[PDB]
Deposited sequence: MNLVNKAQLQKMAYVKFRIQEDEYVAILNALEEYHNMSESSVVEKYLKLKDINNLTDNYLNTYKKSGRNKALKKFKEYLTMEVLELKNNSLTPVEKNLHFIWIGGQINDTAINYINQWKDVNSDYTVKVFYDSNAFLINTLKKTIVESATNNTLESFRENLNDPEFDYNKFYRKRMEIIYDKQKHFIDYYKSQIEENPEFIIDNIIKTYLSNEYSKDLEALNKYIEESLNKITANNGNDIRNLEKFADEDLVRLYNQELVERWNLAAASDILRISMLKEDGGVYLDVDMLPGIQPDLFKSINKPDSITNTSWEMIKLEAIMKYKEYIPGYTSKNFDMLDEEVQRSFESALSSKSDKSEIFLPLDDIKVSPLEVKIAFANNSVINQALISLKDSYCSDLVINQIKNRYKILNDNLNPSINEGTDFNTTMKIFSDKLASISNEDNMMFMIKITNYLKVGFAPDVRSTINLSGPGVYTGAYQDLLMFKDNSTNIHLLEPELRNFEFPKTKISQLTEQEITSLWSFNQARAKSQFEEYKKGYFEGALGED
């Protein structure tokens, strides 16, 4: 998998009596100087490969009928193989920072109890729980707007509870039409304030607004902020509102968009995570991930043949939490189904184990190439609940670029749509019709998936988020990397190519109680029934 020589490339692409064309010369020259760059940085070696790839399709575009074309197409696959070789031979241990993010409200003790498992076993890592000291009321504002929209939708459904078919479908449709209004009433208010005084703090705009419109208690809100601040402070809280240079001015604008306007804490955390990884380097994790388990802790408890690999992984953590009680409250539902005998095999293993570092596996030295961002996989697909990146790695810039290029398209089309439109449905139509008119084979899927942006968090099955700041931007980045592009939106990467970027398996346990709980954010008819219930179950 060593890249072909200029010499050998001449053999591949040889056509008897054919003139050495200027564009073919360029290729050969470039490839020769690549083999002359051993002392160069890996990024500089990658950029030399990239250049060569651009020279090759410029030949293939200039001479569409050339006899060289078949080998030149092969050659381009070797360039891509070559990226992998660079990446595998440039491994170096990540900055030992461990990142979590909790924004928009008070951290739960659940979050704290998981994080602690990581902190307790990674003493050589700096744990940093990123929070936004200006934005503790985001979940409150949201819960309030959503609460108000709900109770207004039910008032309108009041006598029609039993028939014909005012079901969950129509509830969310109509509630959404109301949420949009209330959300746009706040955004317009927040915007006006920010044009008035730009030193104005988010939470201060939100309390002023809750107090007037939703009759929310100023005192209580200030109290709430004080508790949030104090709690994260005590728990390695790192305020993003101190940190200077990390700030891409466009990413900052996207973060705020997702935080203050869209109230989507997941999206802003998507944006925040990669930005901090680019600025700080390290391992990023969602607060619902726990450390991996020592390989040997359980290595002689043979899995009963009937139970799945997934359950078993889930069982092992529950065994850990039954017998060590590290996280109080942690479930044993699955564990307690096993034969008493196996349960005791688990108990035994956990008896001769003194400290937590003999139970979980410490990150220690994780290596990564400047060319990559490692990512977790769930169910054969990438998932960005766990990431690894050197500071200022080439792949974190590909990711950030992807986020910027996607949002530009979203914003360029959605802002004009919001402006013109009496209501939600009117705006959505304007927006879809806008998205349709610039859509093509390449970006069609993307357009489809971000069409429902305005419903994210407010209705089920929306996927906009995935395609702007989540898993899609990473496969977009990985394809950019391997295919020497800067615009991948139509992804032809397969699982085993993408496995080249997998977060090391033994060093994370994804199958925690909280995670599995968060995989049920399928459909809830049960909510429109519980909101129904909140109207005969009361005063």
Please give the gaps, as residue ranges numbered from 1 in the deposited sequence, where no C-alpha is present.
522-524, 543-546
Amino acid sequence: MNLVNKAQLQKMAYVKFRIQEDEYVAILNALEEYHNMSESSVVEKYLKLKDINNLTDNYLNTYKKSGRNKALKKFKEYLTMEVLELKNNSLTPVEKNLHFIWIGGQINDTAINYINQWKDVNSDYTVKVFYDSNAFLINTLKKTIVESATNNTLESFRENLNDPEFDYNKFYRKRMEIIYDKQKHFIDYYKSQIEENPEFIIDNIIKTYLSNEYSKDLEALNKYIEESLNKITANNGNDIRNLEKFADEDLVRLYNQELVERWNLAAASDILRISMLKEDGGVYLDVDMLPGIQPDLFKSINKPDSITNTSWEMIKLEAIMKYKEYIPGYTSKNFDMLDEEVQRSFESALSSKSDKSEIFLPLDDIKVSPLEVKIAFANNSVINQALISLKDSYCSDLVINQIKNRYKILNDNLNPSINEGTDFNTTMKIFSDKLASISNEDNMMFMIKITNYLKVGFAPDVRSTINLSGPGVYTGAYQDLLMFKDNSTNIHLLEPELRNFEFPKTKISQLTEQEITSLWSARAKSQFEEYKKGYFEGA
From here on, numbers count along this sequence of modelled residues.
Got a sec? Mean C-alpha B-factor, which is higher, 164-172 or 98-106?
164-172
Between 28-36 and 471-479, name whichever shows the higher mean Cα B factor according to the PDB entry.
28-36
When the CA B-factors of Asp288, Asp365, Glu85, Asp336 are compared as recorded in the entry, which is the largest?
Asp336
Using the temperature factors in the entry, find which of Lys324, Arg273, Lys449, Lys404 has the highest value at its Cα atom.
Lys324
Here the Cα B-factor of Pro416, set against its chain, lands in the third termed middle
Assert third(CA B-factor, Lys73) within chain per record equals middle
Ranking the modelled residues of this chain by C-alpha B-factor as given in the entry, is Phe246 in the lowest, middle or highest third?
highest
Entry-reported C-alpha B-factor of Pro460 relative to its chain, by third, is highest
For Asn500, the third of its chain by CA B-factor is the lowest
